[PDB]
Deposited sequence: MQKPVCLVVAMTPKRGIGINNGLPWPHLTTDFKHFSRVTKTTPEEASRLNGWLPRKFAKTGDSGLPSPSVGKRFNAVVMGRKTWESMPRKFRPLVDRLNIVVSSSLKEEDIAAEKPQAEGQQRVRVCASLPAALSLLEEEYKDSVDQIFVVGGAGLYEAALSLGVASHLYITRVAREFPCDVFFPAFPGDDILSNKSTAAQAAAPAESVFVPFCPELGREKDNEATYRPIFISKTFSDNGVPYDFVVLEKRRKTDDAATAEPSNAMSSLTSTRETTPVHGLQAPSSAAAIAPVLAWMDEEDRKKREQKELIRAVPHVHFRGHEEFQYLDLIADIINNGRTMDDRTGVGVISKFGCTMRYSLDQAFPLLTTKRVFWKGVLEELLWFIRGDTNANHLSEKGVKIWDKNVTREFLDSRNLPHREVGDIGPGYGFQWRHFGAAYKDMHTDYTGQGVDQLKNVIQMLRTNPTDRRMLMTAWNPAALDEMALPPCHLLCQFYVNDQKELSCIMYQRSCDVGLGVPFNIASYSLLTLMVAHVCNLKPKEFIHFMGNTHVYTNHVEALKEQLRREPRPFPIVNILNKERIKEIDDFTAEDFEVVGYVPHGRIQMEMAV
C-alpha cells in the first residue's frame, strides 16, 4: 500500500484559485519545490523504472498549458467523468518513457488503479488539486501528510481549500474558547476504513516550518502537517566502539546538568515541529532557554527577572522582514521611533502626538525629577539615542535647540563610508556616550551597531544591546534595526542581507513567564515583506517619511490569553 499526500499553496483564507488559474504572481521557489517533491523517488530523499503519481481534478488539468501537461516524469491521473483517456493521448505526441495519462471517475477509483495496476511501478501518490480532490482526499482520510505552501498575502479567489482540522496554522481562529458553533471543517478520519466515528477523528499537526521565502512581492513558506489523532487531551555519529568508550565520560560530565533537567519541566516552543527552519524559532527558543536555564535575579524596576548574559540571533533580509508573528509587533511605533532617531530628535512629544506613546512614561515631570533633571521640560528625553547618532558628544541644552553641525554625525559617516569604501571595518554608530548618561532620561539600551558588506553588495548589520526584554522589547528592536538595514541599504545601493542581534543582559520578567509559555504554543506564520515605497524619490537617509513603507502580508497571531 502506497503513501498519499496533498500538495497545495493557499492564501491565509485558504484561497487557491480564481477563474481557473492561480490567484498570485508566479512563485518560482514554490514551482521548484512542487517539482522536487512530486518527482523525487523516496530512495533519493536520503541520498524497472519507479516513479510517483500526481492526481488532479479535471479543471486543475484543464488549467495547465498543453506544453506543461501531463506533468513530466510522473504518472498523471485525472479524476473526471467526462475527459476521455484517448483525447488526452491525442493532445500532443507522447514522449519516450513517459507514462500514459489515465482518467478515473473518483478519487477511490484512482487510488485503487494505482494500488493494483501500478503496484510495482509507483512509489508515492500526490493529490495536487483542486478543491474537489482536496475535499475528497481529506474526507476519505487517505492523506498522511499535507505539503502546504503558506502564502502570506491575501488575493481575490473563487476556489478555496477545504477547512480542515489544523487550519489555524494559516491564520487566527476567533474560536479562542469563544466559538459560535464547533468550527466547521471536513471530518478527517484517522483510520480511513473506520469512517466518521466519534473516536476516529484526526487533526493535522505541523511537523515542519521553513524560513520565509518570496517571489514577485509575495512572501510564503513551506510547512508539512502530519495526520495525528485529534487527541486534544491538552484540549555527530562515530564508530560504535568510539561511541561506547566516550559514553562513560559524557555520562558523568552531564550529571550536574541531567539532574536539573528532570527536576524542572523543560519549556519548548511547539515541541512537535521537528524541522524548525522558520527564523522566529531563534526568538522562541531563546524564551524557552531563559526560562529553562536562566537565573532569577533582582533588577532596576523591582519586578524581578530571569536572565542570561550573552545571546545572539540572525535574521535574513533578502526575502522577508523579521517582524515577529507569534505576537503582533507595534509596527507604527518601530517606524516613527526610528525616523525620529534619524532626525536627531529628543522631543518625545513629537512621538506621543502620533500615537507612539512608548517614551511617555519616561519623560514625565515626575520621572525627569527622579533623574535630577528638574530643568527638563516634559518630553525632553535628553541628549539620548538619536541625538548621539547625529551629534555625538555635542553639548545639550534642550529639545527645541537646533543642533545642526554640532557633534559627530555617525549616521552620515556610516552611509558615506558604505557608498565609497565598504570593506572598512570601522562602520560603527554608537549611542553609548558615558559623558552624557546623566543628561539623559534613559541610558540607551541598543547602544552599538555595525555594518558589513560582502563581495556581492549584500549588507549586514550587527546591533549590541546591553539589556534585552525578550517579552516586549526584543521584537521591537529586531524590527527597528532590520528596518534601519533596509533604509541604509537602499540609500547606499546595497541589497539587505542579514541583521545580527547581539544581546547582553537578556531576560524575561517573572510576571510575563505565564503569558510567554502561552506564546510558545504558537507556531510562527511566514514573515511579511516590508517594501520601501517611492524608491526613486528617496536618495538620502533623511528623505524617508512615515508614508514611504508598506508591510505586505503580515499575519500575526492575536492577543495573548493573559
In sequence order, the deposited-sequence ranges that have no modelled C-alpha atom: 1, 49-70, 259-279, 607-610
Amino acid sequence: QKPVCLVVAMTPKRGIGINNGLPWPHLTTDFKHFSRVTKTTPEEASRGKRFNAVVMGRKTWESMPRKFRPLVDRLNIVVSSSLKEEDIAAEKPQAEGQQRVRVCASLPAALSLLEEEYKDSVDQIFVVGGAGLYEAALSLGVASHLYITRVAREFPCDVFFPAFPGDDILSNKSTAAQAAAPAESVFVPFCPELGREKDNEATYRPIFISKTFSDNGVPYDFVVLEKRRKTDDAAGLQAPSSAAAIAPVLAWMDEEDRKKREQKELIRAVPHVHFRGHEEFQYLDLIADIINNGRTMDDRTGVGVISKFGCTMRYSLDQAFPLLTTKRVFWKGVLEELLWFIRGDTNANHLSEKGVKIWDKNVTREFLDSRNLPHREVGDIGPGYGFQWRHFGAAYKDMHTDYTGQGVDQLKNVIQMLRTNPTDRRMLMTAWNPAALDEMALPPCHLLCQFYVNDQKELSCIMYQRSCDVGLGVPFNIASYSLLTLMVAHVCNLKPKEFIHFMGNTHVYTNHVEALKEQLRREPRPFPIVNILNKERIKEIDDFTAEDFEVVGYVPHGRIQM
From here on, numbers count along this sequence of modelled residues.
Coordinates lacking for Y396, a third or more of other entries: no
Other entries lacking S480, at least a third: no
Stretch exceeding the other in mean C-alpha B-factor - 532-540, 499-507: 532-540
Higher-scoring stretch by recorded Cα B factor average, 129-137 or 112-120: 112-120
Peak C-alpha temperature factor (PDB record), options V453, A239, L335, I342: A239
Highest-ranked of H490, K308, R261, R466 once sorted by CA temperature factor in the record: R261
Ranked C-alpha temperature factor of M64 among modelled chain residues, by third: highest
Third of the chain, ranked by Cα B-factor, where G48 sits: highest
Ranked against its chain, the third holding the CA B-factor of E523: lowest
Chain third (lowest, middle, highest) by recorded CA B-factor, residue given as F155: middle
CA B-factor placement of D402, once the chain's modelled residues are sorted into thirds: lowest
